[PDB]
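> Structure provided below as structure tokens; questions to follow.
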Amino acid sequence: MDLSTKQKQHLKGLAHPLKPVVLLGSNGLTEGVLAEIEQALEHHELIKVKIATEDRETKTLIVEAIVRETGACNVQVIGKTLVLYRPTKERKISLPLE
């Protein structure tokens, strides 16, 4: 999911105060962690996923795969924390509309 900068900046601000709800280990993007990311997105829409790897390229590939498989938007990668957003029918999270 691709959102505008405006949209991402808004989401980044709502995210500051959140603590991560999923830790993705150095073993990588397994089906089990993918399923947990799905549940977290369904429950909160905007979440923080801590990614264990220290290797930039690897972190990148993992993030790209999460985006493609889940349809969520990569709001921003901050250090080891990936901020992801995907709406649910309930629309829990706010957003500027374009």
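So you can find residues: chains in the structure tokens are A, B, ... in the order shown, residues in each start at 1, and ligands are numbered from 1 in order.
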Any idea what's packed within 10 Å of residue 58 (chain A), counting only C-alpha atoms, ignoring anything in its chain fewer than 5 positions away? Could you give it as a PyMOL selection string?
chain A and resi 26+28+53+63-64
> Now that the selection is made, can you save its residues with C-alpha atoms as a PDB file, in the first residue's frame?

ATOM      1  CA  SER A  26      16.788 -12.913  12.867  1.00  0.00           C
ATOM      2  CA  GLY A  28      13.377 -13.741   9.203  1.00  0.00           C
ATOM      3  CA  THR A  53      18.478  -8.070  11.863  1.00  0.00           C
ATOM      4  CA  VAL A  63      10.013  -5.125   4.797  1.00  0.00           C
ATOM      5  CA  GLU A  64       9.245  -5.319   1.085  1.00  0.00           C
TER       6      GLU A  64
END
> Can you list, as a VMD selection string, all residues belonging to chain A that DSSP tags as alpha helix (DSSP H)?
chain A and resid 5 to 15 31 to 44 56 to 70
> Can you work out which one of A:74, A:4, A:9, A:94 has the shortest atom-to-atom distance to residue 47 (chain A), counting only C-alpha atoms?
A:74
> Rank A:66, A:49, A:15, A:21 by their smallest atom-to-atom distance to residue 34 (chain A), using only C-alpha atoms, and report the top residue only.
A:66
> Near residue 48 (chain A), within 8 Å and counting only C-alpha atoms, which residues show up once chain neighbours fewer than 3 positions away are dropped, as a compact mmCIF listing (two decimals) with N, CA and C atoms, in the first residue's frame?

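Okay, this is what ended up in out-v2.txt:
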# COMPACT_ATOMS: atom_id res chain seq x y z
N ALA A 15 2.04 7.12 15.67
CA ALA A 15 2.81 5.97 16.12
C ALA A 15 3.85 6.17 17.22
N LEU A 18 3.34 4.44 20.50
CA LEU A 18 3.13 3.00 20.59
C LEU A 18 4.40 2.21 20.92
N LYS A 19 4.20 1.05 21.52
CA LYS A 19 5.33 0.18 21.80
C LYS A 19 5.14 -0.96 20.77
N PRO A 20 6.17 -1.64 20.36
CA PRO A 20 6.06 -2.73 19.38
C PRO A 20 5.23 -3.89 19.86
N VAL A 21 4.42 -4.47 18.96
CA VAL A 21 3.56 -5.58 19.33
C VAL A 21 4.04 -6.90 18.75
N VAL A 22 5.01 -6.85 17.86
CA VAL A 22 5.53 -8.06 17.31
C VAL A 22 7.02 -7.93 17.14
N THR A 81 12.73 -0.61 14.09
CA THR A 81 11.28 -0.64 14.13
C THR A 81 10.61 -0.24 12.83
N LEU A 82 9.74 -1.13 12.33
CA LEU A 82 8.97 -0.90 11.15
C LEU A 82 7.57 -0.45 11.63
N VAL A 83 7.11 0.72 11.10
CA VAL A 83 5.75 1.20 11.44
C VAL A 83 4.92 0.82 10.19
N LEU A 84 3.84 0.05 10.42
CA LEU A 84 2.98 -0.43 9.35
C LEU A 84 1.55 -0.01 9.59
> In Å, how far is it from CA of residue 13 (chain A) to CA of residue 31 (chain A)?
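Going from CA of residue 13 (chain A) over to CA of residue 31 (chain A), I get 29.6 Å.
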> Would you pick out the contacts of region 59-62 of chain A at 10 Å or less, using only C-alpha atoms, so that residues sharing its chain but fewer than 3 positions from it are not included, and give the list as a PyMOL selection string?
chain A and resi 24+26+28-30+51-56+65-67+77+80+82
> Would you please give, as a PyMOL selection string, all residues of chain A that DSSP assigns to strand (DSSP E or B) based on the backbone?
chain A and resi 22-24+46-51+73-78+81-85
> Quick check, in Å to one decimal: how far apart do CA of residue 25 (chain A) and CA of residue 87 (chain A) lie?
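Taking CA of residue 25 (chain A) and CA of residue 87 (chain A), their separation equals 25.0 Å.
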> By how many Å are CA of residue 68 (chain A) and CA of residue 43 (chain A) apart?
19.4 Å
> Of the candidates A:45, A:98, A:17, A:50, which one gets nearest to residue 71 (chain A) if we count only C-alpha atoms?
A:45
> Within 8 Å of residue 8 (chain A), counting only C-alpha atoms, which residues qualify if same-chain residues fewer than 4 places away don't, as a PDB file with N, CA and C atoms, in the first residue's frame?

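Result file is part34.pdb:
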ATOM      1  N   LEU A   3       0.908   5.262   0.312  1.00  0.00           N
ATOM      2  CA  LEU A   3       0.200   6.435   0.803  1.00  0.00           C
ATOM      3  C   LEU A   3       1.062   7.652   0.548  1.00  0.00           C
ATOM      4  N   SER A   4       0.500   8.845   0.622  1.00  0.00           N
ATOM      5  CA  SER A   4       1.290  10.020   0.408  1.00  0.00           C
ATOM      6  C   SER A   4       2.145  10.336   1.604  1.00  0.00           C
ATOM      7  N   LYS A  12       2.991   8.546  11.217  1.00  0.00           N
ATOM      8  CA  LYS A  12       4.207   8.524  12.009  1.00  0.00           C
ATOM      9  C   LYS A  12       3.974   9.189  13.372  1.00  0.00           C
ATOM     10  N   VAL A  75       4.889   2.808   6.695  1.00  0.00           N
ATOM     11  CA  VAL A  75       4.842   4.235   7.053  1.00  0.00           C
ATOM     12  C   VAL A  75       6.280   4.754   7.170  1.00  0.00           C
ATOM     13  N   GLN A  76       7.127   3.983   7.815  1.00  0.00           N
ATOM     14  CA  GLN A  76       8.517   4.329   7.953  1.00  0.00           C
ATOM     15  C   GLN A  76       9.265   3.240   8.713  1.00  0.00           C
TER      16      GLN A  76
END
> Measuring between only C-alpha atoms, which one of A:16, A:10, A:5, A:27 shows the shortest distance to residue 78 (chain A)?
A:16
> I'd like to know which of A:73, A:37, A:14, A:23 is closest to residue 1 (chain A), using only C-alpha atoms.
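Of the candidates, the smallest distance to residue 1 (chain A) is held by A:73.
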